[PDB]
Amino acid sequence: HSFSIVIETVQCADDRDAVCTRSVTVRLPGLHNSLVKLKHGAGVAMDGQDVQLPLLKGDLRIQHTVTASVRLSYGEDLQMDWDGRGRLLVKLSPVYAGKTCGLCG
Amino acid sequence: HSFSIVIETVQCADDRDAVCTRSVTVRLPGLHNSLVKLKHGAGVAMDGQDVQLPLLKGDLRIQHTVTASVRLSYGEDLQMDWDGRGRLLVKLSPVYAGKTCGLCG
Amino acid sequence: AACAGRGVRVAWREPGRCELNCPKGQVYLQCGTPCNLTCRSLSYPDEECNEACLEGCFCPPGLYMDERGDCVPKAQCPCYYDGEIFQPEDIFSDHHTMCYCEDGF
Amino acid sequence: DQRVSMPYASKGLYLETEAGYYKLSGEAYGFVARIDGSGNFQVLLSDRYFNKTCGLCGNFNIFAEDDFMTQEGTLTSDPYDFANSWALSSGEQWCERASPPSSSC
Ligand SMILES: *[C@@H]1O[C@H](CO)[C@@H](O)[C@H](O)[C@H]1NC(C)=O
Ligand SMILES: *[C@@H]1O[C@H](CO)[C@@H](O)[C@H](O)[C@H]1NC(C)=O
Ligand SMILES: [Ca+2]
């Protein structure tokens with residue numbers, strides 16, 4: 001239970017087939033159960049407080065990429081990259097191999 | 001004890017006579033003992049977390065003025081206007097007449 | 001992006017498809033380094049950065065990027081200190097310290 | 001800004017071409033200044049200013065290690081910090097931060 005990533009999906013057009021992720025939510029139990037929410041438009045909130053970037057807070061680091069995408073890091077072993085339009089890339093180091101669960105396998 | 005405003009003064013040039021306010025701190029006991037800090041450069045922090053603006057949080061309402069100055073409101077009886085370079089204007093409704101204390105009288 | 005992850009870079013954008021219209025005077029690069037783009041990099045030069053290059057909008061080689069997204073020479077970058085933004089040539093002195101902002105540091 | 005010709009005497013100050021070098025005597029104020037033919041400045045300051053002066057010439061107390069006091073009232077190991085601390089600007093000349101020049105040796 002080092003981390004927990006949840007995605008909120010909504011229909012993103014008139015078509016029934018157009019469903020894309022609106023926002024992302026990340027729990028970090030080791031960081032006093034912090035609840036980061038990566039929002040549409042590349043905004044970030046933490047425990048419901050909208051936060052100003054870059055954010056350095058213990059192992060957690062959040063900053064804007066050159067692409068304006070929000071890049072989140074937590075230690076060395078977890079990283080995320082959220083473009084705000086619906087694209088999310090989660091990179092785990094080998095430390096989490098076999099330990100993971102969810103849609104990502 | 002509706003509110004409490006504190007200013008941090010530093011020497012702002014080589015001269016001994018050049019002392020100006022660097023940052024402002026505001027306690028709001030009625031807002032669960034929140035601690036707002038208005039920083040140099042017109043940033044804002046709340047309980048140590050750098051917050052994105054505008055912030056609406058109960059009675060508290062913090063937003064950038066057209067001049068880029070942070071305007072903080074709390075209820076309708078207290079208001080502040082911080083330019084980030086050292087100018088601070090605090091406005092009190094008549095409700096606080098005679099109740100106030102500090103350098104402002 | 002998958003190709004770049006496998007180390008293969010493709011010049012796929014063209015006028016007829018998906019050009020990045022970069023803000024203001026920033027220039028699009030297919031492979032640019034993010035480590036020394038923002039003026040915070042000047043303010044925190046000892047924070048190690050080894051990130052690979054990426055496509056995006058970067059300032060021309062001689063200019064750094066400020067909060068507004070404007071490309072500025074390092075002489076014009078503000079200095080970030082204790083989470084506060086100081087303008088170029090700013091000076092302050094405290095009970096414990098005397099500081100001044102020059103060249104973004 | 002009005003030009004005057006030597007020799008000149010006014011309000012206790014005497015400008016004279018003593019020994020072929022431009023003198024500026026201030027006996028009443030307790031100082032004598034001089035410029036030699038090659039541009040070297042000179043200042044002689046009376047004993048009454050022992051331990052009561054400060055500037056690029058340093059204080060005047062036989063201890064030489066403490067001459068680099070800045071206008072902020074603190075010592076510094078860097079001559080340039082000291083000197084720039086003792087800069088004076090005017091309405092047609094605002095002082096830039098001086099720094100050591102490049103050299104070969
Ligand atoms: C940043 O680093 C690159 C590569 O090391 C270099 O070419 C460039 O001059 C540096 N400075 C800026 C402002 O890009
Ligand atoms: C010089 O002035 C300083 C500061 O007032 C004082 O501490 C010191 O005793 C004085 N005399 C000498 C010889 O330094
Ligand atoms: Ca001395």
# chains A, B, ... in the order shown; residues from 1 in each chain; ligands from 1
$ residues_around --residues "residue 69 in chain A" --least-positions-apart "3" --cutoff "6 Å" --atoms "only C-alpha atoms" --output "ChimeraX atom specification"
/A:64-65,82-83
$ write_last_selection --atoms "N, CA, C and O atoms" --output "PDB file, in the first residue's frame"
ATOM      1  N   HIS A  64       5.593  21.333 -13.302  1.00  0.00           N
ATOM      2  CA  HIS A  64       5.183  21.426 -14.695  1.00  0.00           C
ATOM      3  C   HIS A  64       6.301  20.975 -15.622  1.00  0.00           C
ATOM      4  O   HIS A  64       7.441  21.423 -15.490  1.00  0.00           O
ATOM      5  N   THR A  65       5.972  20.104 -16.564  1.00  0.00           N
ATOM      6  CA  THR A  65       6.888  19.734 -17.625  1.00  0.00           C
ATOM      7  C   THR A  65       6.922  20.839 -18.679  1.00  0.00           C
ATOM      8  O   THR A  65       6.086  21.741 -18.692  1.00  0.00           O
ATOM      9  N   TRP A  82       0.882  13.821 -16.239  1.00  0.00           N
ATOM     10  CA  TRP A  82      -0.525  14.089 -16.509  1.00  0.00           C
ATOM     11  C   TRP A  82      -0.621  15.320 -17.389  1.00  0.00           C
ATOM     12  O   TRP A  82      -0.193  16.403 -16.985  1.00  0.00           O
ATOM     13  N   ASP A  83      -1.180  15.163 -18.582  1.00  0.00           N
ATOM     14  CA  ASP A  83      -1.245  16.274 -19.517  1.00  0.00           C
ATOM     15  C   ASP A  83      -2.454  17.171 -19.315  1.00  0.00           C
ATOM     16  O   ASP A  83      -2.502  18.257 -19.897  1.00  0.00           O
TER      17      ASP A  83
END
$ residues_around --residues "residue 95 in chain A" --least-positions-apart "2" --cutoff "12 Å" --atoms "only C-alpha atoms" --output "list in words"
residues 2, 75, 76, 77, 78, 91, 92, 93, 97, 98, 99 and 100 of chain A
$ write_last_selection --atoms "N, CA and C atoms" --output "CSV table (one decimal), in the first residue's frame"
chain,number,residue,atom,x,y,z
A,2,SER,N,2.0,1.2,-0.7
A,2,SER,CA,2.8,2.4,-0.9
A,2,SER,C,2.1,3.5,-1.6
A,75,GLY,N,9.4,9.6,-4.1
A,75,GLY,CA,10.6,8.8,-4.1
A,75,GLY,C,11.3,8.7,-5.4
A,76,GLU,N,12.0,7.6,-5.6
A,76,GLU,CA,12.5,7.2,-6.9
A,76,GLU,C,11.6,6.2,-7.7
A,77,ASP,N,10.7,5.5,-6.9
A,77,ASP,CA,10.1,4.3,-7.4
A,77,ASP,C,8.7,4.5,-8.1
A,78,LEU,N,8.1,5.7,-7.9
A,78,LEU,CA,6.9,6.1,-8.6
A,78,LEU,C,7.0,7.4,-9.3
A,91,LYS,N,4.9,5.6,-14.4
A,91,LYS,CA,6.1,4.8,-14.5
A,91,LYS,C,6.5,4.3,-13.1
A,92,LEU,N,6.6,3.0,-13.0
A,92,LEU,CA,7.1,2.4,-11.7
A,92,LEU,C,8.5,1.8,-11.9
A,93,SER,N,9.3,1.9,-11.0
A,93,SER,CA,10.6,1.2,-11.0
A,93,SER,C,10.4,-0.3,-10.7
A,97,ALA,N,7.5,-4.5,-9.1
A,97,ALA,CA,7.2,-5.6,-9.9
A,97,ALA,C,6.5,-6.7,-9.1
A,98,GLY,N,5.4,-7.2,-9.7
A,98,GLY,CA,4.6,-8.2,-9.0
A,98,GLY,C,3.7,-7.7,-7.9
A,99,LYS,N,4.0,-6.5,-7.3
A,99,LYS,CA,3.3,-6.0,-6.2
A,99,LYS,C,2.1,-5.2,-6.6
A,100,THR,N,1.9,-4.9,-7.9
A,100,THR,CA,0.9,-4.0,-8.4
A,100,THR,C,-0.4,-4.7,-8.6
$ residues_around --residues "residue 4 in chain C" --least-positions-apart "2" --cutoff "12 Å" --atoms "only C-alpha atoms" --output "list in words"
residues 1, 2, 6, 7, 8, 9, 10, 11, 12, 30, 31, 52, 53, 54 and 55 of chain C
$ write_last_selection --atoms "N, CA, C and O atoms" --output "CSV table (one decimal), in the first residue's frame"
chain,number,residue,atom,x,y,z
C,1,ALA,N,5.6,9.3,-28.8
C,1,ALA,CA,6.2,9.3,-27.5
C,1,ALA,C,6.6,7.8,-27.2
C,1,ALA,O,7.7,7.7,-26.5
C,2,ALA,N,5.9,6.8,-27.6
C,2,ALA,CA,6.4,5.5,-27.5
C,2,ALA,C,7.7,5.3,-28.2
C,2,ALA,O,8.7,4.7,-27.6
C,6,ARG,N,11.5,4.3,-26.7
C,6,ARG,CA,12.4,3.3,-27.2
C,6,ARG,C,13.7,4.0,-27.9
C,6,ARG,O,14.4,3.4,-28.6
C,7,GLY,N,13.9,5.3,-27.6
C,7,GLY,CA,15.0,6.0,-28.1
C,7,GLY,C,15.0,6.4,-29.5
C,7,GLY,O,16.0,6.9,-30.1
C,8,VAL,N,13.9,6.3,-30.2
C,8,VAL,CA,13.8,6.7,-31.6
C,8,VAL,C,12.9,8.0,-31.7
C,8,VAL,O,11.8,8.0,-31.2
C,9,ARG,N,13.5,9.0,-32.3
C,9,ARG,CA,12.8,10.3,-32.4
C,9,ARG,C,12.4,10.5,-33.9
C,9,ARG,O,13.2,10.4,-34.8
C,10,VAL,N,11.2,10.8,-34.1
C,10,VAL,CA,10.6,11.0,-35.4
C,10,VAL,C,10.1,12.4,-35.6
C,10,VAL,O,9.3,12.9,-34.7
C,11,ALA,N,10.5,13.1,-36.7
C,11,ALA,CA,10.1,14.4,-37.0
C,11,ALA,C,8.7,14.3,-37.7
C,11,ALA,O,8.6,14.5,-38.9
C,12,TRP,N,7.7,14.1,-36.9
C,12,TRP,CA,6.4,13.8,-37.5
C,12,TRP,C,5.5,15.0,-37.7
C,12,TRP,O,4.6,15.0,-38.5
C,30,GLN,N,12.6,19.7,-31.1
C,30,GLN,CA,12.3,18.2,-31.1
C,30,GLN,C,13.0,17.5,-29.9
C,30,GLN,O,12.5,16.5,-29.4
C,31,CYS,N,14.2,18.0,-29.5
C,31,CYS,CA,15.0,17.4,-28.5
C,31,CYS,C,15.7,18.6,-27.7
C,31,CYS,O,16.8,19.0,-28.1
C,52,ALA,N,16.6,13.3,-19.6
C,52,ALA,CA,16.8,13.3,-21.0
C,52,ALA,C,16.0,14.4,-21.7
C,52,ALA,O,15.1,15.0,-21.1
C,53,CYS,N,16.4,14.7,-22.9
C,53,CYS,CA,15.8,15.7,-23.7
C,53,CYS,C,14.3,15.3,-24.1
C,53,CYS,O,14.0,14.1,-24.1
C,54,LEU,N,13.5,16.3,-24.4
C,54,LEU,CA,12.2,16.1,-24.8
C,54,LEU,C,11.7,17.2,-25.8
C,54,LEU,O,12.3,18.3,-25.8
C,55,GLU,N,10.7,16.9,-26.6
C,55,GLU,CA,10.1,17.9,-27.5
C,55,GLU,C,9.3,18.9,-26.7
C,55,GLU,O,8.6,18.5,-25.7
$ residues_around --residues "range 14-24 of chain A" --least-positions-apart "4" --cutoff "8 Å" --atoms "only C-alpha atoms" --output "MDAnalysis selection string"
chainID A and resid 5:10 37:40 84:87
$ calpha_fit_and_write --fixed "chain B" --moving "chain A" --output "short mmCIF file (atom, residue, chain, number, x, y, z; two decimals) with N, CA and C atoms, in the first residue's frame"
data_model
loop_
_atom_site.label_atom_id
_atom_site.label_comp_id
_atom_site.auth_asym_id
_atom_site.auth_seq_id
_atom_site.Cartn_x
_atom_site.Cartn_y
_atom_site.Cartn_z
N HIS A 1 -10.49 38.53 19.29
CA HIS A 1 -9.50 37.70 18.58
C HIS A 1 -10.05 37.17 17.27
N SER A 2 -10.82 38.00 16.57
CA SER A 2 -11.34 37.62 15.27
C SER A 2 -10.23 37.40 14.25
N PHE A 3 -9.12 38.13 14.38
CA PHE A 3 -8.01 38.07 13.44
C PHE A 3 -6.76 38.59 14.12
N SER A 4 -5.62 38.40 13.45
CA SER A 4 -4.34 38.86 13.98
C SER A 4 -3.36 38.98 12.83
N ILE A 5 -2.88 40.19 12.56
CA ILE A 5 -2.00 40.47 11.42
C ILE A 5 -0.62 40.81 11.94
N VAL A 6 0.41 40.15 11.40
CA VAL A 6 1.79 40.36 11.79
C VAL A 6 2.62 40.65 10.55
N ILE A 7 3.56 41.58 10.65
CA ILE A 7 4.42 41.95 9.53
C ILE A 7 5.86 41.62 9.89
N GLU A 8 6.60 41.09 8.92
CA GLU A 8 8.01 40.81 9.07
C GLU A 8 8.81 41.87 8.34
N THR A 9 9.59 42.64 9.08
CA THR A 9 10.36 43.74 8.52
C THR A 9 11.83 43.36 8.42
N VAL A 10 12.45 43.73 7.31
CA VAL A 10 13.86 43.51 7.08
C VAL A 10 14.46 44.79 6.54
N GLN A 11 15.76 44.95 6.72
CA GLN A 11 16.47 46.01 6.03
C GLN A 11 16.39 45.77 4.54
N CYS A 12 15.97 46.78 3.80
CA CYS A 12 15.67 46.61 2.39
C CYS A 12 16.68 47.30 1.48
N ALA A 13 17.83 47.70 2.02
CA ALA A 13 18.92 48.27 1.24
C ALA A 13 20.14 48.33 2.15
N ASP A 14 21.21 48.93 1.63
CA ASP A 14 22.43 49.06 2.41
C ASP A 14 22.25 50.02 3.58
N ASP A 15 21.46 51.07 3.40
CA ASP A 15 21.31 52.09 4.42
C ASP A 15 20.62 51.52 5.65
N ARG A 16 21.05 51.99 6.82
CA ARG A 16 20.37 51.61 8.05
C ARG A 16 18.93 52.10 8.08
N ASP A 17 18.62 53.16 7.34
CA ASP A 17 17.29 53.74 7.34
C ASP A 17 16.32 53.02 6.41
N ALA A 18 16.79 52.11 5.57
CA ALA A 18 15.94 51.42 4.61
C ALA A 18 15.48 50.10 5.22
N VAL A 19 14.32 50.13 5.86
CA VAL A 19 13.69 48.95 6.42
C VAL A 19 12.27 48.89 5.90
N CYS A 20 11.91 47.78 5.26
CA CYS A 20 10.57 47.63 4.71
C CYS A 20 10.07 46.23 4.96
N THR A 21 8.75 46.07 4.89
CA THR A 21 8.10 44.81 5.21
C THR A 21 8.37 43.77 4.13
N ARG A 22 8.81 42.59 4.54
CA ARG A 22 9.07 41.52 3.59
C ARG A 22 7.86 40.63 3.37
N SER A 23 7.20 40.21 4.45
CA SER A 23 6.08 39.30 4.36
C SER A 23 5.06 39.66 5.43
N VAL A 24 3.83 39.20 5.22
CA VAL A 24 2.71 39.45 6.13
C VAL A 24 2.13 38.12 6.56
N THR A 25 1.70 38.04 7.81
CA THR A 25 1.11 36.83 8.36
C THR A 25 -0.22 37.17 9.01
N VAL A 26 -1.24 36.35 8.75
CA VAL A 26 -2.60 36.60 9.22
C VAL A 26 -3.13 35.34 9.87
N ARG A 27 -3.49 35.42 11.14
CA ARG A 27 -4.19 34.34 11.81
C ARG A 27 -5.68 34.59 11.79
N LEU A 28 -6.45 33.53 11.57
CA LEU A 28 -7.90 33.60 11.48
C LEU A 28 -8.46 32.52 12.40
N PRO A 29 -8.49 32.77 13.71
CA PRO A 29 -8.90 31.71 14.65
C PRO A 29 -10.25 31.09 14.34
N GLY A 30 -11.20 31.88 13.85
CA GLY A 30 -12.51 31.35 13.53
C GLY A 30 -12.51 30.39 12.36
N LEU A 31 -11.52 30.50 11.49
CA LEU A 31 -11.32 29.58 10.37
C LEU A 31 -10.32 28.49 10.75
N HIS A 32 -10.70 27.75 11.80
CA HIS A 32 -9.93 26.63 12.35
C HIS A 32 -8.45 26.97 12.59
N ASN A 33 -8.21 28.20 13.04
CA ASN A 33 -6.87 28.74 13.30
C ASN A 33 -5.96 28.72 12.07
N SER A 34 -6.53 29.02 10.91
CA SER A 34 -5.76 29.16 9.68
C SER A 34 -4.69 30.24 9.80
N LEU A 35 -3.52 29.97 9.22
CA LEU A 35 -2.37 30.88 9.24
C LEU A 35 -1.96 31.22 7.80
N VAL A 36 -2.55 32.26 7.23
CA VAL A 36 -2.16 32.73 5.90
C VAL A 36 -0.87 33.53 5.99
N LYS A 37 0.03 33.31 5.05
CA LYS A 37 1.24 34.12 4.92
C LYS A 37 1.30 34.74 3.54
N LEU A 38 1.24 36.06 3.47
CA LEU A 38 1.42 36.78 2.21
C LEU A 38 2.90 37.07 2.04
N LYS A 39 3.49 36.53 0.99
CA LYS A 39 4.93 36.50 0.79
C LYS A 39 5.38 37.60 -0.16
N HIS A 40 6.69 37.85 -0.15
CA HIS A 40 7.29 38.76 -1.11
C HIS A 40 7.10 38.22 -2.52
N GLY A 41 6.86 39.12 -3.46
CA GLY A 41 6.49 38.70 -4.80
C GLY A 41 5.03 38.40 -5.00
N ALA A 42 4.19 38.63 -3.98
CA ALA A 42 2.74 38.49 -4.03
C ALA A 42 2.29 37.04 -4.03
N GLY A 43 3.13 36.12 -3.59
CA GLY A 43 2.69 34.77 -3.36
C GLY A 43 1.95 34.64 -2.05
N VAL A 44 1.22 33.54 -1.89
CA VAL A 44 0.46 33.26 -0.69
C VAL A 44 0.72 31.83 -0.26
N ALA A 45 0.85 31.61 1.04
CA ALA A 45 0.83 30.27 1.60
C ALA A 45 -0.23 30.20 2.68
N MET A 46 -0.75 29.00 2.91
CA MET A 46 -1.74 28.77 3.95
C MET A 46 -1.36 27.52 4.73
N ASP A 47 -1.20 27.67 6.05
CA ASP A 47 -0.68 26.62 6.91
C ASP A 47 0.59 25.99 6.34
N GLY A 48 1.41 26.82 5.71
CA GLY A 48 2.65 26.40 5.09
C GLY A 48 2.52 25.83 3.70
N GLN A 49 1.32 25.48 3.26
CA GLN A 49 1.10 25.04 1.89
C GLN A 49 1.04 26.26 0.98
N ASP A 50 1.90 26.31 -0.03
CA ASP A 50 1.73 27.32 -1.07
C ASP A 50 0.45 27.04 -1.85
N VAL A 51 -0.36 28.07 -2.03
CA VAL A 51 -1.71 27.92 -2.57
C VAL A 51 -1.85 28.72 -3.86
N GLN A 52 -2.75 28.25 -4.70
CA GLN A 52 -3.00 28.78 -6.03
C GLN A 52 -4.29 29.59 -6.00
N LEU A 53 -4.26 30.78 -6.60
CA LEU A 53 -5.30 31.78 -6.45
C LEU A 53 -6.17 31.88 -7.70
N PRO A 54 -7.45 32.27 -7.57
CA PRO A 54 -8.17 32.64 -6.35
C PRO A 54 -8.50 31.50 -5.42
N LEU A 55 -8.53 31.80 -4.13
CA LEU A 55 -8.87 30.84 -3.09
C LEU A 55 -10.17 31.25 -2.42
N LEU A 56 -11.17 30.38 -2.47
CA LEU A 56 -12.43 30.54 -1.75
C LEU A 56 -12.51 29.44 -0.71
N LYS A 57 -12.59 29.82 0.56
CA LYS A 57 -12.55 28.83 1.63
C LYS A 57 -13.34 29.37 2.82
N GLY A 58 -14.62 29.06 2.86
CA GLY A 58 -15.49 29.65 3.86
C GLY A 58 -15.62 31.14 3.66
N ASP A 59 -15.50 31.88 4.76
CA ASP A 59 -15.51 33.34 4.71
C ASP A 59 -14.25 33.92 4.07
N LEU A 60 -13.14 33.19 4.09
CA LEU A 60 -11.90 33.68 3.51
C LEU A 60 -11.91 33.65 1.99
N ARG A 61 -11.51 34.76 1.38
CA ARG A 61 -11.40 34.90 -0.06
C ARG A 61 -10.09 35.60 -0.36
N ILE A 62 -9.32 35.07 -1.30
CA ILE A 62 -8.04 35.64 -1.71
C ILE A 62 -7.96 35.63 -3.22
N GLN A 63 -7.58 36.75 -3.82
CA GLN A 63 -7.55 36.82 -5.27
C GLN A 63 -6.60 37.92 -5.72
N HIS A 64 -6.10 37.78 -6.94
CA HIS A 64 -5.23 38.78 -7.54
C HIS A 64 -6.03 39.99 -7.99
N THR A 65 -5.57 41.18 -7.62
CA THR A 65 -6.12 42.41 -8.13
C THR A 65 -5.58 42.67 -9.54
N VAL A 66 -6.22 43.60 -10.25
CA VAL A 66 -5.75 43.99 -11.58
C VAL A 66 -4.31 44.47 -11.53
N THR A 67 -3.89 45.05 -10.41
CA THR A 67 -2.52 45.49 -10.21
C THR A 67 -1.55 44.35 -9.91
N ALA A 68 -2.01 43.10 -9.95
CA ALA A 68 -1.29 41.90 -9.54
C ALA A 68 -1.13 41.82 -8.03
N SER A 69 -1.69 42.75 -7.28
CA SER A 69 -1.64 42.71 -5.83
C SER A 69 -2.63 41.70 -5.30
N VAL A 70 -2.23 40.96 -4.28
CA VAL A 70 -3.10 39.99 -3.64
C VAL A 70 -4.08 40.72 -2.73
N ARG A 71 -5.37 40.49 -2.94
CA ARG A 71 -6.43 41.04 -2.11
C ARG A 71 -7.06 39.93 -1.29
N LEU A 72 -7.04 40.08 0.03
CA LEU A 72 -7.61 39.12 0.95
C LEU A 72 -8.84 39.72 1.60
N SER A 73 -9.87 38.91 1.78
CA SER A 73 -11.10 39.31 2.45
C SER A 73 -11.52 38.21 3.40
N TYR A 74 -12.07 38.58 4.54
CA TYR A 74 -12.54 37.60 5.52
C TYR A 74 -13.84 38.10 6.12
N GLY A 75 -14.95 37.54 5.65
CA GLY A 75 -16.25 38.12 5.87
C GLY A 75 -16.42 39.42 5.10
N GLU A 76 -17.18 40.33 5.69
CA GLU A 76 -17.28 41.70 5.21
C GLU A 76 -16.36 42.66 5.96
N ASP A 77 -16.01 42.33 7.20
CA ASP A 77 -15.44 43.27 8.15
C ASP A 77 -13.92 43.40 8.09
N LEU A 78 -13.21 42.50 7.41
CA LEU A 78 -11.77 42.60 7.27
C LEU A 78 -11.37 42.45 5.81
N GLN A 79 -10.46 43.31 5.37
CA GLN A 79 -9.89 43.19 4.04
C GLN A 79 -8.45 43.67 4.07
N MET A 80 -7.64 43.12 3.17
CA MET A 80 -6.23 43.44 3.05
C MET A 80 -5.86 43.48 1.59
N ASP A 81 -4.82 44.24 1.26
CA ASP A 81 -4.36 44.35 -0.12
C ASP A 81 -2.84 44.46 -0.11
N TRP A 82 -2.18 43.43 -0.63
CA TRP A 82 -0.74 43.24 -0.49
C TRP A 82 -0.12 43.25 -1.87
N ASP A 83 0.77 44.20 -2.12
CA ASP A 83 1.36 44.34 -3.44
C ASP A 83 2.58 43.45 -3.66
N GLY A 84 3.11 42.85 -2.61
CA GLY A 84 4.25 41.97 -2.73
C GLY A 84 5.60 42.66 -2.67
N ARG A 85 5.65 43.97 -2.85
CA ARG A 85 6.90 44.70 -2.76
C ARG A 85 7.11 45.33 -1.40
N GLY A 86 6.07 45.42 -0.59
CA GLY A 86 6.21 45.98 0.74
C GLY A 86 5.06 46.86 1.17
N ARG A 87 4.11 47.11 0.27
CA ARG A 87 2.95 47.92 0.59
C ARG A 87 1.80 47.03 1.04
N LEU A 88 1.23 47.34 2.20
CA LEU A 88 0.10 46.62 2.74
C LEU A 88 -0.95 47.62 3.19
N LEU A 89 -2.19 47.43 2.73
CA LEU A 89 -3.32 48.24 3.15
C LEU A 89 -4.36 47.34 3.80
N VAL A 90 -4.68 47.62 5.06
CA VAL A 90 -5.67 46.85 5.82
C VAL A 90 -6.90 47.71 6.03
N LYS A 91 -8.05 47.24 5.57
CA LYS A 91 -9.31 47.96 5.72
C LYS A 91 -10.24 47.19 6.65
N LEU A 92 -10.61 47.81 7.76
CA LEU A 92 -11.58 47.26 8.70
C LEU A 92 -12.89 48.03 8.62
N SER A 93 -14.01 47.30 8.64
CA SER A 93 -15.31 47.93 8.77
C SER A 93 -15.48 48.49 10.18
N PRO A 94 -16.49 49.35 10.38
CA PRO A 94 -16.72 49.92 11.72
C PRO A 94 -16.97 48.91 12.81
N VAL A 95 -17.23 47.65 12.47
CA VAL A 95 -17.47 46.62 13.48
C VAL A 95 -16.29 46.46 14.43
N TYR A 96 -15.08 46.73 13.96
CA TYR A 96 -13.88 46.60 14.77
C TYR A 96 -13.44 47.89 15.45
N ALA A 97 -14.21 48.97 15.34
CA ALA A 97 -13.81 50.22 15.97
C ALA A 97 -13.64 50.04 17.47
N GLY A 98 -12.52 50.52 18.00
CA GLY A 98 -12.21 50.39 19.40
C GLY A 98 -11.72 49.03 19.82
N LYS A 99 -11.97 47.99 19.03
CA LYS A 99 -11.56 46.63 19.37
C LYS A 99 -10.13 46.31 18.98
N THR A 100 -9.49 47.16 18.19
CA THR A 100 -8.24 46.84 17.53
C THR A 100 -7.06 47.19 18.44
N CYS A 101 -5.90 46.63 18.11
CA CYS A 101 -4.68 46.79 18.88
C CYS A 101 -3.50 46.46 17.98
N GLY A 102 -2.34 47.01 18.32
CA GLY A 102 -1.14 46.84 17.53
C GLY A 102 -0.62 48.16 17.00
N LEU A 103 0.36 48.07 16.10
CA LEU A 103 0.94 49.27 15.51
C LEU A 103 -0.10 50.15 14.85
N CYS A 104 -1.15 49.56 14.29
CA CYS A 104 -2.17 50.35 13.63
C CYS A 104 -3.06 51.13 14.59
N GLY A 105 -2.90 50.93 15.89
CA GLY A 105 -3.69 51.67 16.85
C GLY A 105 -4.99 50.98 17.18
#
$ residues_near_ligand --ligand "ligand 3" --cutoff "10 Å" --atoms "only C-alpha atoms and all ligand atoms" --output "PyMOL selection string"
chain D and resi 50-51+53-54+57-69
$ decode --residues "range 77-87 of chain B" --atoms "N, CA, C and O atoms" --output "compact mmCIF listing (two decimals), in the first residue's frame"
# COMPACT_ATOMS: atom_id res chain seq x y z
N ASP B 77 -16.13 42.28 7.01
CA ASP B 77 -15.61 43.27 7.94
C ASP B 77 -14.10 43.45 7.89
O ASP B 77 -13.60 44.45 8.42
N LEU B 78 -13.35 42.52 7.30
CA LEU B 78 -11.90 42.65 7.17
C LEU B 78 -11.48 42.47 5.73
O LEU B 78 -11.98 41.58 5.03
N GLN B 79 -10.55 43.31 5.29
CA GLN B 79 -9.96 43.20 3.96
C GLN B 79 -8.51 43.66 4.04
O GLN B 79 -8.15 44.46 4.90
N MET B 80 -7.68 43.13 3.14
CA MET B 80 -6.27 43.47 3.05
C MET B 80 -5.87 43.52 1.59
O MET B 80 -6.50 42.89 0.75
N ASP B 81 -4.81 44.27 1.29
CA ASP B 81 -4.35 44.39 -0.08
C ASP B 81 -2.83 44.49 -0.08
O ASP B 81 -2.27 45.49 0.36
N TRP B 82 -2.17 43.46 -0.60
CA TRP B 82 -0.73 43.26 -0.48
C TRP B 82 -0.12 43.26 -1.87
O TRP B 82 -0.46 42.41 -2.69
N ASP B 83 0.77 44.20 -2.13
CA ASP B 83 1.37 44.33 -3.45
C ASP B 83 2.58 43.45 -3.67
O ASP B 83 3.03 43.31 -4.81
N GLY B 84 3.12 42.85 -2.62
CA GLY B 84 4.26 41.98 -2.73
C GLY B 84 5.61 42.66 -2.67
O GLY B 84 6.62 41.99 -2.46
N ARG B 85 5.65 43.97 -2.85
CA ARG B 85 6.90 44.70 -2.77
C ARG B 85 7.11 45.35 -1.41
O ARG B 85 8.23 45.76 -1.11
N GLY B 86 6.07 45.44 -0.60
CA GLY B 86 6.20 46.00 0.73
C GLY B 86 5.04 46.87 1.15
O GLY B 86 4.99 47.32 2.30
N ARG B 87 4.10 47.12 0.25
CA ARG B 87 2.93 47.93 0.57
C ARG B 87 1.78 47.04 1.02
O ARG B 87 1.42 46.10 0.33
